[PDB]
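Engineer: Let me give you the structure first, and then I'll get to my questions.
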Amino acid sequence: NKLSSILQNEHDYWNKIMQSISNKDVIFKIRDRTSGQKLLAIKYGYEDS
Amino acid sequence: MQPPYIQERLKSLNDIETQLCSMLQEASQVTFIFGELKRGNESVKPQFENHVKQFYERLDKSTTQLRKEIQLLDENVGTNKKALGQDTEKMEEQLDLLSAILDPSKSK
Amino acid sequence: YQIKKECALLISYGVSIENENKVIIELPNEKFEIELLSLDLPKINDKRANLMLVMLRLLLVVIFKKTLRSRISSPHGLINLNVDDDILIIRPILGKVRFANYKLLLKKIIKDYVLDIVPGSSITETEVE
Amino acid sequence: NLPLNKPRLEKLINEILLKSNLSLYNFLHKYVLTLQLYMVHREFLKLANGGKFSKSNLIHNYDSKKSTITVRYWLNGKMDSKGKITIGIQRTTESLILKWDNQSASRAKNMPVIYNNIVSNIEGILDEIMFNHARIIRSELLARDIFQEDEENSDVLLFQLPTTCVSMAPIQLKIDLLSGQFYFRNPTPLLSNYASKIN
Amino acid sequence: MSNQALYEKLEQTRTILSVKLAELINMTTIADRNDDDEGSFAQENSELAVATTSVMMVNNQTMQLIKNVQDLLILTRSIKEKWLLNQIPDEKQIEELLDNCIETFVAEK
Amino acid sequence: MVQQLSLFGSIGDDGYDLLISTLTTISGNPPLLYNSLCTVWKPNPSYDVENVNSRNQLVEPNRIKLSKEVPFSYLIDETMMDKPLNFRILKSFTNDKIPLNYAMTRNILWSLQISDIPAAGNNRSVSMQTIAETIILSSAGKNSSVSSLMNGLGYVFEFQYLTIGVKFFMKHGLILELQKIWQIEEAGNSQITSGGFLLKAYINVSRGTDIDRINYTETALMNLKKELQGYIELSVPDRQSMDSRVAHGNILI
């Protein structure tokens, strides 16, 4: 019961993430200086332009 | 938006974890039913075979489909780029704005 | 940033920098102020300022395209922009305005000293590419 | 609000007092002066990246052992002077002071050479020094009686030049407030060449 | 790489099957069996340690099932993340436009 | 005169398209089409060069390379003007036949180039070769022609070939080339690099005495090679294959 409740909670967040994200864009994973974990990052500068 | 192929790939993966959740749930009901079967009422005895069979068939084909996905990974290999045109598109839109500025009848 | 680095060399012709976010251009009859401001009645020259902003953006895009073309052309060439040559943003607009002013002044001078003195003179205006 | 090392300070002060014969006050004053000098240097570092004086106008060198800062300005200036400023601890008042090391500033009257409150108005002090040096140079030029005085503008020098045989007209020369090179309002190629020669 | 994930999921599935059969047999014959014949092998010698071994079985099957399922879910998410990340993929009109713009500015300046 | 530091490799055309994309993912630049035509000339055997100091071996005879660019209007047949002039045209260049034939090249008759065998020793990680180069701008006279010029020097024609491929410019002056080579004779045209592309990554150093620069160049080349691990294997070719002296005959192709 505990596993089902929690697990369906993370499918709720999972579906929110999946259907909230759009797309060409330079996307990668980076390690935060303060947190140290992996987070999604997008390159939007004109450095390569 | 992403190309469709990735879309049905993610749909299949989502189906995979939903099937896993269904397998866990059915494990919960079979564990529940075995308790009263040990208690000594034989009415729910026929349901036990159905639950066991559905549990096993849910366990098997889910792993089979995941195996198919990992196989797809095998042949999918070999099958800032936007920046190369990014300035260009920016250029375009800027001139479009000038057109809107240039024509006073369209500023309404 | 490009505007700052470009106008730092135009002090001798009546262009100054007020602060880290303001630049001022003076003309015998006009004043232009370019400011970088944080968010924290239709006049006559509002369209003029909008056009100025548009062409400034266009010139920056042209600079970027020139940089990319030079980079693709040859690998050895170090891409270090020259302020005297590469950065051309305020130069064309200022040149056009001051050239128009001088054209008007010479028109007036010719009219006073030739047209008003020698009748029948015929004047033709042309542009050469 | 500074994150002071309270326990290490406790042991240090206790040890000093135990070994004391005064010394604690001297150490505290020295540390305060060193911290003020370091934060002044940090402010200089922050300003130099984006400041008006970034393009070789100002160079600062800091020595911790002597706890002094030497500032050199107007590198392209050879008018029998070199713009030098020394920030250091004053012996008499035990306070950090800024001195504009210049003989022209030395014999200049009604003009302070030493300034305080550097942290609050370092930019104002630098602007005042810049204007004072420009005014001293302009006054020397007027004393030589080569440029006539401009009544409308106190920072503009008038040079008399005949444009034609009969015309006798003044030309306005101005001093750059940042690097200090003389420039004309509308210089001709020969005028620009000779302005560069003047520089 | 992917073959290692294949193998890991293989022991994952076989471990599920084995622990499933183990908990099934343990709970079914949880009712202790007494048979006079020497062929049968069921021993309950110390009374309460029997219950200790029972709760042993319970805790083992719980931990192993939960860990295996969670590992499989994390593996699926890793596959999806790899899917998302790793898969590497007139002039004349402008002339008169700029001409009109510049003449308009010249007139308005 | 340069010290050229180079690494070599080859690929099958099947992966060609894929390879191209990966390169653009790394360099950030698009490929640029190019072509060239090289003619090899050798000393005339009719003339006895007794001046070769046999007792001392001060020098040995060598072969001269003359290169020129040829417009694509000679390489595109009547079926290909519809497609734009980009890299994809290389996908149609798999046949041993080519529009440029022997007669046109004979009608043509620049950059003059001489090289030496790479440096000896087994402690070299990249192929280091010495190149001496000059340029011919124009000419005049009663017999102004490349053939007459090289016969005046004392050289005669040996063979020729045509290269077509794409170029990638990366940082630090690194140049990466994908090539296809067609040997040309009156008998016909034969593609030596049959069913594949020849890959060559190289850098140039202007002064051989500077060693900090050479170390930097080697570092960049080995880093590039270690980036492409698992896709393509870049290797140092055989030192005895890049020898172009007349006495011994072989040609890396």
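The chains in the structure tokens are called A, B, ... from first to last as shown; in each chain the residues are counted from 1, and the ligands are counted from 1 in the order shown.
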With 10 Å as the limit and counting only C-alpha atoms, what residues in chain C lie close to chain E? Please list them as a PyMOL selection string.

Structural biologist: chain C and resi 30+44-45+47-49+51-52+55+93+96-97+100-101

Engineer: Using only C-alpha atoms, I'd like a table of the residues in chain A that come within 12 Å of chain F; for each, show the closest atom pair and its distance in Å rounded to one decimal, ordered by chain and ascending number, as CSV.

Structural biologist:
```
residue,atom,partner,partner_atom,distance
A:24,CA,F:25,CA,11.8
A:26,CA,F:25,CA,10.7
A:47,CA,F:28,CA,10.8
A:48,CA,F:28,CA,7.3
A:49,CA,F:28,CA,9.5
```

Engineer: Residues of chain D within 12 Å of chain C, using only C-alpha atoms, as a PyMOL selection string?

Structural biologist: chain D and resi 47+49-55+172-179+181-188+191-192+195

Engineer: How about saving the chosen residues, N, CA and C atoms kept, as a PDB file, in the first residue's frame?

Structural biologist:
```pdb
ATOM      1  N   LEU D  47      36.183  47.529  -9.506  1.00  0.00           N
ATOM      2  CA  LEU D  47      35.955  48.676 -10.376  1.00  0.00           C
ATOM      3  C   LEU D  47      36.762  48.574 -11.666  1.00  0.00           C
ATOM      4  N   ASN D  49      37.588  46.218 -13.628  1.00  0.00           N
ATOM      5  CA  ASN D  49      37.069  45.374 -14.701  1.00  0.00           C
ATOM      6  C   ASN D  49      36.119  46.151 -15.607  1.00  0.00           C
ATOM      7  N   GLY D  50      35.188  46.900 -15.018  1.00  0.00           N
ATOM      8  CA  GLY D  50      34.225  47.673 -15.775  1.00  0.00           C
ATOM      9  C   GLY D  50      34.300  49.173 -15.616  1.00  0.00           C
ATOM     10  N   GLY D  51      35.349  49.704 -14.993  1.00  0.00           N
ATOM     11  CA  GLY D  51      35.410  51.126 -14.732  1.00  0.00           C
ATOM     12  C   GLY D  51      35.818  51.947 -15.940  1.00  0.00           C
ATOM     13  N   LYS D  52      35.615  53.259 -15.807  1.00  0.00           N
ATOM     14  CA  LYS D  52      36.012  54.202 -16.845  1.00  0.00           C
ATOM     15  C   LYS D  52      37.519  54.226 -17.060  1.00  0.00           C
ATOM     16  N   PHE D  53      38.298  53.793 -16.068  1.00  0.00           N
ATOM     17  CA  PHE D  53      39.753  53.833 -16.115  1.00  0.00           C
ATOM     18  C   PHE D  53      40.367  52.486 -16.485  1.00  0.00           C
ATOM     19  N   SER D  54      39.576  51.580 -17.067  1.00  0.00           N
ATOM     20  CA  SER D  54      40.061  50.229 -17.330  1.00  0.00           C
ATOM     21  C   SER D  54      41.197  50.221 -18.348  1.00  0.00           C
ATOM     22  N   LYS D  55      41.090  51.035 -19.400  1.00  0.00           N
ATOM     23  CA  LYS D  55      42.039  50.987 -20.513  1.00  0.00           C
ATOM     24  C   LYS D  55      43.335  51.711 -20.134  1.00  0.00           C
ATOM     25  N   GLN D 172      39.540  75.711 -30.010  1.00  0.00           N
ATOM     26  CA  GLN D 172      39.304  75.183 -28.672  1.00  0.00           C
ATOM     27  C   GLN D 172      40.015  73.844 -28.516  1.00  0.00           C
ATOM     28  N   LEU D 173      40.930  73.774 -27.555  1.00  0.00           N
ATOM     29  CA  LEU D 173      41.615  72.548 -27.183  1.00  0.00           C
ATOM     30  C   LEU D 173      41.104  72.114 -25.818  1.00  0.00           C
ATOM     31  N   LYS D 174      40.853  70.814 -25.665  1.00  0.00           N
ATOM     32  CA  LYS D 174      40.294  70.284 -24.435  1.00  0.00           C
ATOM     33  C   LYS D 174      41.160  69.145 -23.917  1.00  0.00           C
ATOM     34  N   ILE D 175      41.060  68.920 -22.611  1.00  0.00           N
ATOM     35  CA  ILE D 175      41.860  67.927 -21.905  1.00  0.00           C
ATOM     36  C   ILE D 175      40.975  66.737 -21.578  1.00  0.00           C
ATOM     37  N   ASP D 176      41.426  65.541 -21.941  1.00  0.00           N
ATOM     38  CA  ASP D 176      40.699  64.332 -21.582  1.00  0.00           C
ATOM     39  C   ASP D 176      40.765  64.118 -20.077  1.00  0.00           C
ATOM     40  N   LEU D 177      39.603  63.921 -19.456  1.00  0.00           N
ATOM     41  CA  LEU D 177      39.540  63.724 -18.016  1.00  0.00           C
ATOM     42  C   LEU D 177      39.984  62.334 -17.582  1.00  0.00           C
ATOM     43  N   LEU D 178      40.158  61.406 -18.522  1.00  0.00           N
ATOM     44  CA  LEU D 178      40.512  60.026 -18.195  1.00  0.00           C
ATOM     45  C   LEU D 178      42.004  59.758 -18.379  1.00  0.00           C
ATOM     46  N   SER D 179      42.529  60.003 -19.578  1.00  0.00           N
ATOM     47  CA  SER D 179      43.928  59.732 -19.870  1.00  0.00           C
ATOM     48  C   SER D 179      44.780  60.983 -20.031  1.00  0.00           C
ATOM     49  N   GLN D 181      45.081  63.465 -22.761  1.00  0.00           N
ATOM     50  CA  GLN D 181      45.667  63.888 -24.025  1.00  0.00           C
ATOM     51  C   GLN D 181      44.861  65.043 -24.602  1.00  0.00           C
ATOM     52  N   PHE D 182      45.561  66.086 -25.034  1.00  0.00           N
ATOM     53  CA  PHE D 182      44.907  67.255 -25.603  1.00  0.00           C
ATOM     54  C   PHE D 182      44.236  66.886 -26.921  1.00  0.00           C
ATOM     55  N   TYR D 183      43.046  67.436 -27.157  1.00  0.00           N
ATOM     56  CA  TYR D 183      42.338  67.150 -28.398  1.00  0.00           C
ATOM     57  C   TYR D 183      41.578  68.380 -28.872  1.00  0.00           C
ATOM     58  N   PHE D 184      41.409  68.472 -30.188  1.00  0.00           N
ATOM     59  CA  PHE D 184      40.674  69.557 -30.817  1.00  0.00           C
ATOM     60  C   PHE D 184      39.212  69.171 -31.015  1.00  0.00           C
ATOM     61  N   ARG D 185      38.371  70.190 -31.200  1.00  0.00           N
ATOM     62  CA  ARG D 185      36.943  69.945 -31.375  1.00  0.00           C
ATOM     63  C   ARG D 185      36.646  69.331 -32.739  1.00  0.00           C
ATOM     64  N   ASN D 186      37.212  69.900 -33.801  1.00  0.00           N
ATOM     65  CA  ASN D 186      37.042  69.397 -35.166  1.00  0.00           C
ATOM     66  C   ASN D 186      38.400  69.384 -35.853  1.00  0.00           C
ATOM     67  N   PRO D 187      39.284  68.465 -35.465  1.00  0.00           N
ATOM     68  CA  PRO D 187      40.667  68.520 -35.953  1.00  0.00           C
ATOM     69  C   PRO D 187      40.771  68.109 -37.416  1.00  0.00           C
ATOM     70  N   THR D 188      41.530  68.890 -38.174  1.00  0.00           N
ATOM     71  CA  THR D 188      41.940  68.523 -39.519  1.00  0.00           C
ATOM     72  C   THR D 188      43.046  67.476 -39.448  1.00  0.00           C
ATOM     73  N   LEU D 191      45.900  69.025 -38.085  1.00  0.00           N
ATOM     74  CA  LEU D 191      45.592  69.328 -36.692  1.00  0.00           C
ATOM     75  C   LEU D 191      45.643  68.070 -35.834  1.00  0.00           C
ATOM     76  N   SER D 192      45.099  66.960 -36.339  1.00  0.00           N
ATOM     77  CA  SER D 192      45.163  65.705 -35.594  1.00  0.00           C
ATOM     78  C   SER D 192      46.602  65.221 -35.444  1.00  0.00           C
ATOM     79  N   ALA D 195      48.192  67.368 -32.836  1.00  0.00           N
ATOM     80  CA  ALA D 195      47.671  67.006 -31.523  1.00  0.00           C
ATOM     81  C   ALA D 195      48.344  65.741 -31.003  1.00  0.00           C
TER      82      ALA D 195
END
```

Engineer: For chain C, work out the contacting residues on chain F at 10 Å, counting only C-alpha atoms, and write them as a ChimeraX atom specification.

Structural biologist: /F:29-32,168-175,204

Engineer: Find, counting only C-alpha atoms, the residue in C:113, C:1, C:64, C:32 that gets nearest to chain A.

Structural biologist: C:64

Engineer: Output as an NGL selection string all residues of region 37-180 of chain D that backbone DSSP marks as strand (DSSP E).

Structural biologist: :D and (58-63 or 68-73 or 83-89 or 96-101 or 114-115 or 148-149 or 156-161 or 169-175)

Engineer: Restricting the output to N, CA and C atoms, write the selected residues as a compact mmCIF listing (two decimals), in the first residue's frame.

Structural biologist:
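As written to disk, out_19.txt reads:
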```txt
# COMPACT_ATOMS: atom_id res chain seq x y z
N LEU D 58 44.60 53.43 -14.96
CA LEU D 58 44.98 53.26 -13.57
C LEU D 58 45.58 51.88 -13.35
N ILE D 59 46.71 51.82 -12.66
CA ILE D 59 47.33 50.56 -12.26
C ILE D 59 47.62 50.62 -10.77
N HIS D 60 47.23 49.58 -10.04
CA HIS D 60 47.39 49.54 -8.59
C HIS D 60 48.18 48.31 -8.19
N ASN D 61 49.19 48.51 -7.35
CA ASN D 61 50.00 47.43 -6.81
C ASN D 61 49.95 47.48 -5.29
N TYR D 62 49.65 46.35 -4.67
CA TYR D 62 49.41 46.27 -3.23
C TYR D 62 50.47 45.38 -2.58
N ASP D 63 51.07 45.87 -1.50
CA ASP D 63 52.08 45.13 -0.75
C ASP D 63 51.56 44.91 0.66
N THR D 68 50.98 48.76 1.85
CA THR D 68 50.84 50.01 1.11
C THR D 68 50.39 49.73 -0.31
N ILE D 69 49.67 50.68 -0.89
CA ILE D 69 49.18 50.58 -2.26
C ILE D 69 49.77 51.72 -3.08
N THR D 70 50.40 51.37 -4.19
CA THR D 70 50.94 52.34 -5.14
C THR D 70 50.06 52.36 -6.37
N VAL D 71 49.57 53.55 -6.73
CA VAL D 71 48.68 53.74 -7.87
C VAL D 71 49.38 54.64 -8.88
N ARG D 72 49.49 54.16 -10.11
CA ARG D 72 50.09 54.92 -11.20
C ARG D 72 49.02 55.21 -12.24
N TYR D 73 48.90 56.48 -12.63
CA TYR D 73 47.91 56.90 -13.60
C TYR D 73 48.55 57.74 -14.69
N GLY D 83 52.08 60.63 -12.75
CA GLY D 83 51.00 60.57 -11.79
C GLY D 83 51.07 59.39 -10.84
N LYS D 84 51.41 59.66 -9.58
CA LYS D 84 51.64 58.64 -8.58
C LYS D 84 50.88 58.96 -7.30
N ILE D 85 50.27 57.93 -6.72
CA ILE D 85 49.51 58.04 -5.48
C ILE D 85 49.93 56.91 -4.55
N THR D 86 50.10 57.23 -3.28
CA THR D 86 50.51 56.26 -2.27
C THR D 86 49.46 56.22 -1.17
N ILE D 87 48.91 55.04 -0.91
CA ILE D 87 47.96 54.83 0.18
C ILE D 87 48.66 53.99 1.23
N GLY D 88 48.76 54.53 2.45
CA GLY D 88 49.50 53.85 3.49
C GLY D 88 49.18 54.40 4.86
N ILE D 89 49.70 53.71 5.87
CA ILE D 89 49.43 54.07 7.26
C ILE D 89 50.23 55.31 7.63
N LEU D 96 45.10 55.06 7.93
CA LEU D 96 45.36 54.93 6.50
C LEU D 96 45.02 56.23 5.79
N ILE D 97 45.98 56.77 5.04
CA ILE D 97 45.82 58.03 4.33
C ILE D 97 46.31 57.86 2.90
N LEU D 98 45.79 58.73 2.03
CA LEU D 98 46.12 58.75 0.61
C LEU D 98 46.87 60.03 0.30
N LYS D 99 48.06 59.91 -0.29
CA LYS D 99 48.89 61.05 -0.63
C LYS D 99 49.17 61.04 -2.13
N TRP D 100 48.96 62.19 -2.77
CA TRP D 100 49.22 62.36 -4.20
C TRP D 100 50.67 62.81 -4.35
N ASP D 101 51.56 61.87 -4.64
CA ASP D 101 53.00 62.15 -4.66
C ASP D 101 53.32 62.92 -5.93
N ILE D 114 46.51 65.32 0.94
CA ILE D 114 46.17 64.14 1.73
C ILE D 114 44.67 64.11 1.96
N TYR D 115 44.05 62.96 1.74
CA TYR D 115 42.62 62.80 1.88
C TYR D 115 42.31 61.58 2.74
N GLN D 148 45.34 81.64 -24.63
CA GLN D 148 44.54 82.64 -23.95
C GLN D 148 43.45 81.96 -23.11
N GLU D 149 42.89 82.72 -22.18
CA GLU D 149 41.91 82.20 -21.25
C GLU D 149 40.52 82.22 -21.87
N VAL D 156 38.64 74.70 -21.12
CA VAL D 156 38.88 74.79 -22.56
C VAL D 156 39.93 75.87 -22.79
N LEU D 157 40.95 75.54 -23.58
CA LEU D 157 42.02 76.48 -23.89
C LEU D 157 41.86 77.00 -25.31
N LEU D 158 42.07 78.30 -25.49
CA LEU D 158 41.92 78.94 -26.79
C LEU D 158 43.30 79.20 -27.38
N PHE D 159 43.54 78.67 -28.57
CA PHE D 159 44.78 78.91 -29.30
C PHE D 159 44.48 79.77 -30.52
N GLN D 160 45.21 80.87 -30.66
CA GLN D 160 44.97 81.81 -31.75
C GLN D 160 45.72 81.35 -33.00
N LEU D 161 44.99 81.17 -34.10
CA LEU D 161 45.55 80.71 -35.36
C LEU D 161 44.87 81.46 -36.50
N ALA D 169 41.58 83.56 -35.78
CA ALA D 169 40.49 82.91 -35.06
C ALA D 169 41.00 81.99 -33.96
N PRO D 170 40.22 81.79 -32.91
CA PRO D 170 40.62 80.85 -31.85
C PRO D 170 40.12 79.44 -32.10
N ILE D 171 40.92 78.48 -31.64
CA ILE D 171 40.61 77.06 -31.71
C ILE D 171 40.55 76.52 -30.29
N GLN D 172 39.54 75.71 -30.01
CA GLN D 172 39.30 75.18 -28.67
C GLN D 172 40.02 73.84 -28.52
N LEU D 173 40.93 73.77 -27.55
CA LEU D 173 41.61 72.55 -27.18
C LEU D 173 41.10 72.11 -25.82
N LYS D 174 40.85 70.81 -25.67
CA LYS D 174 40.29 70.28 -24.44
C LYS D 174 41.16 69.14 -23.92
N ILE D 175 41.06 68.92 -22.61
CA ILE D 175 41.86 67.93 -21.91
C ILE D 175 40.97 66.74 -21.58
```

Engineer: Enumerate as a list in words the residues belonging to chain B that approach chain E to within 8 Å, with only C-alpha atoms taken into account.

Structural biologist: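 Residues of chain B within 8 Å of chain E, counting only C-alpha atoms: residues 6, 10, 13, 17, 67, 70, 74, 77, 99 and 102 of chain B.
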
Engineer: So how far away is CA of residue 195 (chain F) from CA of residue 94 (chain F), in Å?

Structural biologist: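 Calculated distance between CA of residue 94 (chain F) and CA of residue 195 (chain F) is 6.7 Å.
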
Engineer: With only C-alpha atoms as the basis for distance, which of A:41, A:19, A:46, A:34 is at the shortest distance from chain C?

Structural biologist: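 Among the listed residues, A:46 lies closest to chain C.
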
Engineer: Take CA of residue 39 (chain F) and CA of residue 198 (chain F) and report the distance between them in Å, one decimal.

Structural biologist: 19.3 Å

Engineer: Name the residues of region 14-115 of chain C that fall into helix (DSSP H, G or I) according to DSSP on the backbone, using the chain letters and numbers of this document, as a count of residues only.

Structural biologist: 54

Engineer: Can you pull out every residue within 9 Å of residue 11 (chain A), counting only C-alpha atoms, but drop anything in the same chain fewer than 4 positions away, and send it as a PyMOL selection string?

Structural biologist: (chain A and resi 6-7+15-16) or (chain B and resi 14+17-18)

Engineer: Within 9 Å of chain C, which residues of chain B are there when counting only C-alpha atoms? Please give them as a PyMOL selection string.

Structural biologist: chain B and resi 87-88+90-91+94-95+97-98+101-102

Engineer: Please report, as JSON lines, each residue of chain B lying at most 9 Å from chain F, together with the nearest pair of atoms and the separation in Å rounded to one decimal; use only C-alpha atoms, and order rows by chain and ascending residue number.

Structural biologist:
```
{"residue": "B:78", "atom": "CA", "partner": "F:18", "partner_atom": "CA", "distance": 6.3}
{"residue": "B:79", "atom": "CA", "partner": "F:18", "partner_atom": "CA", "distance": 7.6}
{"residue": "B:80", "atom": "CA", "partner": "F:28", "partner_atom": "CA", "distance": 6.5}
{"residue": "B:81", "atom": "CA", "partner": "F:28", "partner_atom": "CA", "distance": 6.8}
{"residue": "B:83", "atom": "CA", "partner": "F:28", "partner_atom": "CA", "distance": 8.8}
{"residue": "B:84", "atom": "CA", "partner": "F:29", "partner_atom": "CA", "distance": 7.8}
```

Engineer: Put those residues in a file: N, CA, C and O atoms, as a short mmCIF file (atom, residue, chain, number, x, y, z; two decimals), in the first residue's frame.

Structural biologist:
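Output file selection30.cif follows:
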```cif
data_model
loop_
_atom_site.label_atom_id
_atom_site.label_comp_id
_atom_site.auth_asym_id
_atom_site.auth_seq_id
_atom_site.Cartn_x
_atom_site.Cartn_y
_atom_site.Cartn_z
N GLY B 78 23.65 5.05 -34.77
CA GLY B 78 23.87 5.34 -36.17
C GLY B 78 22.65 5.84 -36.91
O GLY B 78 22.69 5.95 -38.14
N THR B 79 21.57 6.15 -36.20
CA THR B 79 20.36 6.68 -36.82
C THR B 79 19.83 7.88 -36.04
O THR B 79 19.06 7.72 -35.09
N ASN B 80 26.40 23.48 -30.89
CA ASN B 80 25.10 24.12 -31.06
C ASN B 80 24.73 24.21 -32.53
O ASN B 80 25.06 25.19 -33.20
N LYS B 81 24.04 23.18 -33.03
CA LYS B 81 23.63 23.17 -34.43
C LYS B 81 22.65 24.31 -34.72
O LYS B 81 22.72 24.94 -35.78
N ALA B 83 22.59 27.20 -33.40
CA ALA B 83 23.35 28.43 -33.51
C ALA B 83 23.78 28.72 -34.94
O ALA B 83 23.78 29.89 -35.35
N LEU B 84 24.10 27.68 -35.71
CA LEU B 84 24.53 27.87 -37.09
C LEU B 84 23.51 28.66 -37.89
O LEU B 84 23.88 29.37 -38.84
#
```

Engineer: CA of residue 162 (chain F) and CA of residue 33 (chain F) are how many Å apart?

Structural biologist: 14.1 Å

Engineer: Tell me which of C:108, C:31, C:43, C:69 sits closest to chain A, counting only C-alpha atoms.

Structural biologist: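 Looking at the shortest contact to chain A, the residue is C:69.
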